[PDB]
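For reference, the structure is listed below as structure tokens.
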Amino acid sequence: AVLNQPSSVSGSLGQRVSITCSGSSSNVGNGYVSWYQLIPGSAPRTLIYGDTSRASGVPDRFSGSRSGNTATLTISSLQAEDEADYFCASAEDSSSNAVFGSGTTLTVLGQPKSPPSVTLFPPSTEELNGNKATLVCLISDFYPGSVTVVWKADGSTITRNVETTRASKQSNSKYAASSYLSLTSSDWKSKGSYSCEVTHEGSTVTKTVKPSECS
Amino acid sequence: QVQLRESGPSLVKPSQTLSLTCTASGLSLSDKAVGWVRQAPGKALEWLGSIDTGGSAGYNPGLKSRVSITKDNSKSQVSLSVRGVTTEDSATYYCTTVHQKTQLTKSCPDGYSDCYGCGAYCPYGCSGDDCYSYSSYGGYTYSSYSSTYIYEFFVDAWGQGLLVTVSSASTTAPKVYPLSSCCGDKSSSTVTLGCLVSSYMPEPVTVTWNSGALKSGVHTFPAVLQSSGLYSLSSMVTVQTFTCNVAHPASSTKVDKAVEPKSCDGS
């Protein structure tokens, strides 16, 4: 029912990687296998059909092959934008009964480190009219994709009512995230300054807003 | 060329019937069936079925009892129905064009080589048949092609997809608040503005700026989920008027919010 792929695979920038798709005589052994690329937040893209034929607009760096009940997708001269989930697919018994592979997440190693860009937004005058204040920390352009977020007011660390997203893939194959500090209107005005401190690969980037000077 | 677009409700109650529609158009539609593929949050791609030019529908055997696929050529639309849905049916649903064809394929029988690719070693009897074999026992034997069927399948084109959530919970439309930097912020020639899409459920929402006319310098962030069960996300612009267009399909709400930098005027 499933075509077995490795859950995850890694390769170096500028080198080659291979993803396998193993099945039985009914599917992969049938000799017509397709491959698809899925970049999160994007429509799937067909890469290969009929074992070795490349779909339109797919460069020769992508290559398909098959030996018995196991097909492999081979990507050469790996680039950052090749980071995606790759699925094999095949027909089984019928040409209108498709089986998909379990999927493989590809990581391209060896890309440069990138510090995060941080923007801290204060609560709006409209929101504070409802006695609530949402501080918004927007974090973009960091690789690798992992940051730790810390909120502070007047030097003290705040843990209450903090909610932070996981890092998500941007359009440029880098990562983005956000953190939200939820306060009452009185909490917002009662402190001299709030800070959003974003730590990435041991380095911290900080932005700060002052309520009394926010107008 | 192909254009595939999915439409239908983003939220469906358990045990009800999920109904979706795909509006297809383009010269590249011909020779192709229109199919439906879904992907649940942590799962792989799953095939649902398709309807071909001949007007017949084929289905995933595991879902045939619950799935129905029809077409309305007067509207150039193909429909999908899933009966008795559970939370297992929450997924992103893709409209596709599909290639499906059973092909008769000729190959040499076991142990025989092709008489066309023997170079200068071809036996003379190759003139009468397609394949040949040799054993030091009985010498050269000959044979015709064997015939097998090869079932071809591949998805050609994909739609953008539509997210459907199966749940019995109601919706909450978002509030849109403007985002602008503090007046006491250290300044630069770059202005950061944004829109806070706050406290909605369920997913998704979309954000554009100035009805799509403004795109460069626009960064929209995936949502956070609070303890209340409500989502919130923000979209920011870096650089006139600035209007963010927020759409929340599950509640049938569209919001236009004009955003200005802080005047820092006493006003």
Side-chain angles (χ1 to χ4, degrees), chain A residues 1-5 21-36 44-56 64-66 68-71 73 87-95 97-98 100-103, chain B residues 2 4 22 24 26 28-39 44-71 73 78-82 93-107 145-149 151-159:
Chain A
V2 306
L3 307 187
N4 309 314
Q5 304 180 241
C21 179
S22 75
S24 66
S25 52
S26 321
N27 34 73
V28 185
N30 171 82
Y32 206 96
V33 154
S34 43
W35 289 94
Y36 312 88
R45 180 206 187 188
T46 306
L47 303 166
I48 298 285
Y49 62 91
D51 280 6
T52 67
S53 313
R54 262 150 270 154
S56 44
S65 98
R66 178 186 60 91
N69 302 349
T70 301
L73 173 56
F87 288 83
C88 65
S90 152
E92 201 202 17
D93 294 330
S94 324
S95 204
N97 166 26
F100 279 96
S102 40
Chain B
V2 200
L4 304 165
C22 174
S28 210
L29 289 176
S30 202
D31 300 83
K32 273 146 204 329
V34 175
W36 286 98
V37 182
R38 71 180 187 176
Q39 174 175 43
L45 297 168
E46 199 188 14
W47 170 259
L48 308 162
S50 56
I51 186 150
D52 51 40
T53 60
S56 36
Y59 301 100
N60 184 313
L63 302 153
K64 176 175 274 89
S65 52
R66 292 197 311 127
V67 176
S68 290
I69 301 182
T70 58
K71 50 194 267 208
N73 278 338
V78 173
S79 282
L80 166 72
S81 266
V82 196
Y93 283 78
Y94 295 100
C95 176
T96 53
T97 58
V98 185
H99 172 110
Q100 317 158 124
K101 178 181 198 175
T102 301
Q103 262 263 29
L104 196 137
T105 292
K106 279 152 168 182
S107 93
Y145 280 131
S146 208
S147 275
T148 326
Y149 297 99
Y151 307 93
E152 324 187 343
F153 167 87
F154 76 87
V155 177
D156 181 15
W158 302 77

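Only heavy atoms go into these numbers, but all of them, side chains included; no hydrogens, no water, no symmetry mates. Residue numbering restarts at 1 for every chain, and letters A, B, ... go by the order of the sequence lines.
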Minimal heavy-atom distance between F154(B) and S34(A), with the atoms involved, is CB-CB, 3.8 Å

Are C88(A) and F100(A) side-chain neighbours, meaning at least one heavy-atom pair lies under 4.5 Å?
-> no

What one should report as the nearest heavy-atom pair of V28(A) and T70(A) is CG1-N, 3.5 Å

dist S56(A):OG -> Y49(A):OH (nearest 0.5 Å) comes out at 7.5 Å

### Message
Is the shortest side-chain heavy-atom distance between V155(B) and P44(A) below 4.5 Å?
### Response
no

Look at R38(B) together with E46(B) and state whether they make a salt bridge at an N to O cut-off of under 4.0 Å. yes

(Q) I'd like to know if the side chain of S90(A) reaches the main chain of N27(A), judged simply by a donor and an acceptor atom lying under 3.5 Å from each other, with no hydrogens or angles considered. (A) yes

Any side-chain heavy atom of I69(B) sitting closer than 4.5 Å to one from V78(B)?
yes

When you compare the side chain of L47(A) with that of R54(A), does any pair of heavy atoms fall below 4.5 Å? no

Taken to the nearest 0.5 Å, the spacing of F87(A) CZ from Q5(A) CD works out to 7.0 Å

Here the pair of heavy atoms bringing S95(A) nearest to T102(B) is CB-OG1, 4.2 Å

Only one of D156(B), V2(B), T53(B) passes side chain to side chain contact (heavy atoms under 4.5 Å, CB included) with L29(B), and that residue is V2(B)

For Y94(B) and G159(B) the tightest heavy-atom approach is CD2-O, 3.5 Å

Heavy-atom closest pair (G31(A) atom, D51(A) atom, distance to 0.1 Å) is O-OD2, 3.2 Å

Separation between NZ (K71(B)) and SG (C22(B)), nearest 0.5 Å, reads 13.0 Å

Q. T97(B) side chain to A157(B) main-chain N or O, any donor-acceptor pair under 3.5 Å?
A. yes

For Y32(A) and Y151(B), the nearest pair of non-hydrogen atoms, with its separation, is CB-O, 3.6 Å

Interatomic distance, CZ@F153(B) vs CG@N30(A), rounded to 0.5 Å, equals 12.5 Å

Next on the checklist: Looking at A71(A), is its backbone amide N or carbonyl O close enough to the side chain of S65(A) to form a donor-acceptor pair, meaning the two atoms are under 3.5 Å apart?
Outcome noted: no

CD of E152(B) to OG1 of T105(B), rounded to nearest 0.5 Å, is 7.5 Å

So does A33(B) get a backbone contact from the side chain of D52(B), meaning a donor-acceptor N/O pair under 3.5 Å?
no

The reported gap from CG in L48(B) to OG in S81(B) (rounded to nearest 0.5 angstrom) is 12.0 Å

Exactly one of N60(B), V98(B), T96(B) clears side chain to side chain contact (heavy atoms under 4.5 Å, CB included) with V37(B), and that residue is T96(B)

